[PDB]
$ cat upload_8.txt   # compact mmCIF, C-alpha atoms and all ligand atoms
# COMPACT_ATOMS: atom_id res chain seq x y z
CA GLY A 1 18.80 25.39 1.92
CA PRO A 2 18.68 27.31 -1.43
CA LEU A 3 14.89 27.80 -1.80
CA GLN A 4 13.43 30.83 -0.04
CA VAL A 5 9.67 31.12 0.65
CA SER A 6 7.31 34.13 0.96
CA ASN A 7 5.57 32.60 4.01
CA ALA A 8 6.23 30.05 6.75
CA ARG A 9 2.41 29.79 7.13
CA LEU A 10 -0.49 30.06 4.67
CA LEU A 11 -4.02 30.68 5.94
CA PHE A 12 -7.27 30.31 4.06
CA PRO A 13 -10.14 32.60 5.12
CA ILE A 14 -12.94 31.15 7.33
CA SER A 15 -14.67 28.83 4.87
CA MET A 16 -17.67 26.60 4.39
CA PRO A 17 -17.22 23.25 2.58
CA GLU A 18 -18.40 24.67 -0.77
CA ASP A 19 -16.27 27.82 -0.63
CA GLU A 20 -13.65 28.47 -3.27
CA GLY A 21 -10.49 30.30 -2.30
CA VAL A 22 -6.84 30.62 -3.07
CA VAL A 23 -3.64 31.08 -1.12
CA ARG A 24 -0.42 32.18 -2.84
CA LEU A 25 3.12 31.12 -2.09
CA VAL A 26 6.15 32.75 -3.77
CA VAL A 27 9.25 30.54 -3.91
CA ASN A 28 12.70 31.86 -4.86
CA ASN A 29 15.95 30.24 -6.01
CA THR A 30 18.65 32.01 -3.96
CA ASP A 31 21.92 30.25 -4.54
CA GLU A 32 23.69 30.44 -7.79
CA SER A 33 22.52 27.66 -10.04
CA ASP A 34 19.61 25.43 -10.96
CA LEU A 35 17.12 24.31 -8.34
CA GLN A 36 14.90 21.37 -9.15
CA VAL A 37 11.70 21.70 -7.08
CA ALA A 38 9.04 19.13 -6.35
CA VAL A 39 5.94 19.72 -4.23
CA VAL A 40 6.03 16.23 -2.73
CA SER A 41 2.94 16.48 -0.49
CA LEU A 42 -0.15 18.75 -0.60
CA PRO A 43 -2.75 19.38 2.12
CA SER A 44 -5.83 17.15 1.60
CA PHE A 45 -7.99 20.29 1.22
CA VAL A 46 -5.99 21.99 -1.53
CA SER A 47 -5.41 21.70 -5.29
CA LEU A 48 -2.16 22.48 -7.10
CA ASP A 49 -1.24 21.67 -10.74
CA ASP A 50 2.08 23.53 -10.46
CA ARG A 51 3.70 20.48 -8.75
CA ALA A 52 7.03 19.75 -10.48
CA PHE A 53 8.93 22.68 -11.91
CA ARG A 54 12.39 24.14 -12.67
CA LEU A 55 13.67 27.41 -11.16
CA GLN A 56 16.46 29.64 -12.49
CA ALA A 57 17.57 32.33 -10.02
CA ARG A 58 16.46 35.11 -7.73
CA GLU A 59 12.87 35.05 -6.40
CA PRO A 60 11.11 33.93 -9.60
CA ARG A 61 7.99 31.69 -9.27
CA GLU A 62 4.44 31.55 -7.71
CA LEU A 63 2.25 28.75 -6.37
CA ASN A 64 -1.53 29.20 -6.10
CA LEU A 65 -3.18 26.68 -3.80
CA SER A 66 -6.89 26.38 -4.55
CA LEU A 67 -9.27 25.32 -1.83
CA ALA A 68 -10.85 21.95 -2.45
CA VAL A 69 -12.53 20.70 0.73
CA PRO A 70 -13.02 16.92 0.73
CA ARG A 71 -16.72 15.99 0.82
CA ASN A 72 -17.58 14.85 4.36
CA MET A 73 -14.52 16.65 5.89
CA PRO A 74 -15.90 17.75 9.30
CA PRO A 75 -15.56 21.41 10.49
CA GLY A 76 -12.64 22.52 12.67
CA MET A 77 -9.17 24.04 12.21
CA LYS A 78 -7.14 22.01 9.71
CA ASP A 79 -3.35 22.34 9.68
CA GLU A 80 -1.51 20.39 6.99
CA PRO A 81 1.96 20.86 5.46
CA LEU A 82 2.86 21.75 1.91
CA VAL A 83 6.09 19.73 1.51
CA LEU A 84 8.87 21.16 -0.69
CA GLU A 85 11.74 18.99 -1.89
CA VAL A 86 14.66 20.90 -3.39
CA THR A 87 17.51 19.32 -5.41
CA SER A 88 20.49 21.37 -6.67
CA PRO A 89 21.75 19.47 -9.80
CA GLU A 90 25.35 20.49 -9.06
CA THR A 91 26.36 21.55 -5.53
CA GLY A 92 24.87 18.60 -3.62
CA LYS A 93 21.27 17.44 -3.65
CA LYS A 94 18.60 17.75 -1.00
CA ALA A 95 16.87 20.07 1.36
CA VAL A 96 13.27 19.33 2.40
CA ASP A 97 11.04 21.97 3.92
CA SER A 98 7.38 22.51 4.66
CA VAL A 99 4.96 25.41 4.82
CA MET A 100 2.00 24.91 7.16
CA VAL A 101 -1.33 25.49 5.46
CA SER A 102 -4.32 26.29 7.77
CA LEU A 103 -8.04 26.18 7.10
CA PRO A 104 -10.76 27.42 9.52
CA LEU A 105 -13.49 25.12 8.20
CA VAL A 106 -16.95 25.99 9.60
CA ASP A 107 -20.53 24.60 9.30
CA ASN A 108 -22.84 25.16 6.37
CA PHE A 109 -25.12 27.33 8.50
CA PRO A 110 -27.86 28.11 5.88
CA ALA A 111 -28.46 24.34 5.84
CA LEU A 112 -28.85 24.22 9.71
CA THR A 113 -31.89 25.17 11.79
CA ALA A 114 -31.84 26.92 15.21
CA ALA A 115 -32.61 23.57 16.92
CA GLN A 116 -29.39 22.28 15.46
CA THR A 117 -27.03 25.15 16.46
CA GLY A 118 -25.68 26.62 19.67
CA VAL A 119 -24.91 30.17 20.89
CA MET A 120 -21.61 30.42 22.78
CA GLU A 121 -21.17 32.73 25.73
CA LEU A 122 -17.72 33.06 27.42
CA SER A 123 -15.00 35.40 28.56
CA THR A 124 -12.80 36.34 25.61
CA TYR A 125 -10.09 38.21 27.52
CA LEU A 126 -8.05 36.60 30.24
CA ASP A 127 -5.13 38.42 31.90
CA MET A 128 -3.35 35.90 34.10
CA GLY A 129 -0.99 38.52 35.54
CA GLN A 130 2.48 37.64 36.82
CA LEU A 131 3.28 33.92 36.99
CA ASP A 132 6.73 33.91 38.73
CA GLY A 133 8.01 30.46 37.67
CA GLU A 134 5.16 27.96 38.14
CA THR A 135 2.78 26.36 35.57
CA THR A 136 -0.44 28.25 36.11
CA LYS A 137 -3.92 26.95 35.43
CA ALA A 138 -7.12 28.85 34.73
CA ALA A 139 -10.61 27.85 33.61
CA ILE A 140 -13.05 29.72 31.43
CA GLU A 141 -16.69 28.69 31.57
CA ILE A 142 -18.19 28.17 28.21
CA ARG A 143 -21.91 28.54 28.13
CA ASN A 144 -24.53 27.45 25.58
CA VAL A 145 -27.39 29.91 25.39
CA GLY A 146 -28.71 28.65 22.07
CA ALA A 147 -31.71 26.39 21.26
CA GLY A 148 -29.58 23.50 19.96
CA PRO A 149 -26.44 21.69 21.19
CA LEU A 150 -23.27 23.80 21.04
CA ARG A 151 -20.48 21.81 19.41
CA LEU A 152 -16.79 22.68 19.82
CA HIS A 153 -15.31 21.39 16.61
CA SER A 154 -11.75 22.43 17.51
CA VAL A 155 -9.88 24.34 20.20
CA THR A 156 -6.40 25.35 19.08
CA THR A 157 -3.42 27.29 20.43
CA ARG A 158 -0.32 28.40 18.44
CA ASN A 159 1.85 29.59 21.36
CA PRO A 160 3.98 26.75 22.85
CA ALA A 161 3.58 28.10 26.41
CA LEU A 162 -0.27 27.95 26.18
CA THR A 163 -2.62 24.94 26.22
CA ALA A 164 -6.46 24.82 26.31
CA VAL A 165 -8.67 21.73 26.54
CA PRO A 166 -12.48 21.79 27.02
CA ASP A 167 -13.99 19.20 29.48
CA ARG A 168 -16.74 18.47 26.89
CA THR A 169 -17.16 19.21 23.21
CA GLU A 170 -20.94 19.10 23.15
CA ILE A 171 -22.96 21.38 25.40
CA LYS A 172 -26.72 21.19 25.83
CA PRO A 173 -28.90 24.38 25.87
CA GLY A 174 -28.44 26.25 29.13
CA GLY A 175 -25.49 24.05 29.99
CA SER A 176 -21.81 24.84 30.28
CA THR A 177 -18.36 23.24 30.30
CA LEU A 178 -14.94 24.36 31.57
CA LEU A 179 -12.13 25.26 29.18
CA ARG A 180 -9.05 24.31 31.17
CA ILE A 181 -6.14 26.67 30.34
CA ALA A 182 -2.49 26.31 31.44
CA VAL A 183 0.45 28.73 30.84
CA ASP A 184 4.02 27.36 31.27
CA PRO A 185 6.39 30.20 32.34
CA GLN A 186 9.41 27.84 31.87
CA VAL A 187 8.55 27.61 28.16
CA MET A 188 8.28 31.40 28.01
CA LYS A 189 11.71 31.71 29.66
CA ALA A 190 13.33 29.05 27.41
CA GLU A 191 11.92 31.16 24.51
CA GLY A 192 13.14 34.49 25.97
CA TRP A 193 9.64 35.93 26.37
CA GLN A 194 8.93 38.11 29.40
CA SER A 195 5.25 38.16 28.50
CA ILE A 196 2.79 36.51 26.12
CA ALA A 197 -0.34 37.66 24.42
CA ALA A 198 -1.77 34.60 22.70
CA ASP A 199 -5.11 33.49 21.20
CA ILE A 200 -7.16 30.43 21.96
CA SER A 201 -9.10 29.76 18.74
CA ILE A 202 -12.44 27.92 18.91
CA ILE A 203 -14.39 26.72 15.94
CA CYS A 204 -18.01 25.96 16.93
CA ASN A 205 -21.50 25.80 15.56
CA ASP A 206 -22.49 29.29 16.71
CA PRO A 207 -23.91 30.75 13.42
CA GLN A 208 -23.15 34.37 14.50
CA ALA A 209 -19.47 33.73 15.39
CA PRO A 210 -18.23 30.24 14.39
CA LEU A 211 -14.59 31.22 14.95
CA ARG A 212 -14.17 32.64 18.47
CA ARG A 213 -10.91 33.85 20.05
CA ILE A 214 -9.91 34.24 23.59
CA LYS A 215 -6.94 36.52 24.23
CA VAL A 216 -4.78 35.24 27.05
CA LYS A 217 -2.10 37.44 28.69
CA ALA A 218 0.62 36.37 31.10
CA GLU A 219 3.97 37.80 32.35
CA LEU A 220 6.93 36.14 34.09
NA NA B 301 0.25 25.46 22.08

$ encode --input "upload_8.txt" --output "structure tokens" --more "lines below"
Ligand code: NA
Amino acid sequence: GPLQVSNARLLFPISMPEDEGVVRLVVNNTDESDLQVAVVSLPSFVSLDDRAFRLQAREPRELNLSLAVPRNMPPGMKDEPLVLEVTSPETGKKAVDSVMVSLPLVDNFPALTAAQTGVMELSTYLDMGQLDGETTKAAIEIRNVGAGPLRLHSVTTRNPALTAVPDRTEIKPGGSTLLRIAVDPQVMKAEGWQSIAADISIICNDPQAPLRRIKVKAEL
């Protein structure tokens, strides 16, 4: 529709529950006349007072989403939409669109002791080579070398050809679990990709690196 947005995605920095922080979206009224804009839904972890405004023309206004983590929200990657409802007083009415807002929410580590935290060891680079038309599986061993249980709060992929699921989400000291990875070359083809280079993102209770990324490569 008429409204144009600075970003399809907004991403808070890695944050602890008490962190403050702000993400900025610039919306712009493209077509001709008045746009009436309502922010009809906000992520549960953000604040916005600029919620119901009028817009004249061009690329005029700014929205500043303040971080407000709900008390007792657990750590992990949060992905929630900012929902924008646009009504053109004259030329019709409605278009609805959303911007995905992401938060890498981690543990409050200064409040945790060594007996409560893990240390993650794994391969962070996986080149799967040439796949030639079949869904291809791999497994990365995730190891806990810490003194406490290693907890995998979230394991997320953004690429639609890539999935990753750990066998367990809590790993005792000296123990390990498999991260089962699958790449779908048919999805890559349907998307006109000859190759991918995509991250698996892991949020965990490793105090030295609570957000860990595995780069996965694959070609058709
Ligand atoms: Na995916």

$ closest_residue --input "upload_8.txt" --among "A:7, A:156, A:186, A:201" --to "ligand NA 301 (chain B)" --atoms "all atoms listed in the file"
A:156

$ closest_residue --input "upload_8.txt" --among "A:168, A:158, A:189, A:215" --to "ligand NA 301 (chain B)" --atoms "all atoms listed in the file"
A:158

$ residues_around --input "upload_8.txt" --residues "range 78-84 of chain A" --least-positions-apart "2" --cutoff "9 Å" --atoms "all atoms listed in the file" --output "list in words"
residues 37, 38, 39, 40, 41, 42, 43, 44, 45, 75, 76, 86, 95, 96, 97, 98, 99, 100, 101, 102, 103, 104 and 105 of chain A

$ closest_residue --input "upload_8.txt" --among "A:13, A:146, A:160, A:118" --to "residue 77 in chain A" --atoms "all atoms listed in the file"
A:13

$ residues_near_ligand --input "upload_8.txt" --ligand "ligand NA 301 (chain B)" --cutoff "10 Å" --atoms "all atoms listed in the file" --output "ChimeraX atom specification"
/A:156-164,182-183,198-200

$ atom_distance --input "upload_8.txt" --atom1 "CA of residue 187 in chain A" --atom2 "CA of residue 167 in chain A"
24.1 Å

$ closest_atom_pairs --input "upload_8.txt" --of "range 93-146 of chain A" --to "range 175-179 of chain A" --cutoff "7 Å" --atoms "only C-alpha atoms" --output "JSON lines"
{"residue": "A:139", "atom": "CA", "partner": "A:179", "partner_atom": "CA", "distance": 5.4}
{"residue": "A:140", "atom": "CA", "partner": "A:179", "partner_atom": "CA", "distance": 5.1}
{"residue": "A:141", "atom": "CA", "partner": "A:178", "partner_atom": "CA", "distance": 4.7}
{"residue": "A:142", "atom": "CA", "partner": "A:176", "partner_atom": "CA", "distance": 5.3}
{"residue": "A:143", "atom": "CA", "partner": "A:176", "partner_atom": "CA", "distance": 4.3}
{"residue": "A:144", "atom": "CA", "partner": "A:175", "partner_atom": "CA", "distance": 5.7}

$ residues_around --input "upload_8.txt" --residues "residue 4 in chain A" --least-positions-apart "6" --cutoff "9 Å" --atoms "all atoms listed in the file" --output "PyMOL selection string"
chain A and resi 26-30+59

$ closest_residue --input "upload_8.txt" --among "A:63, A:57, A:220, A:52" --to "residue 10 in chain A" --atoms "all atoms listed in the file"
A:63

$ atom_distance --input "upload_8.txt" --atom1 "CA of residue 9 in chain A" --atom2 "CA of residue 190 in chain A"
23.0 Å
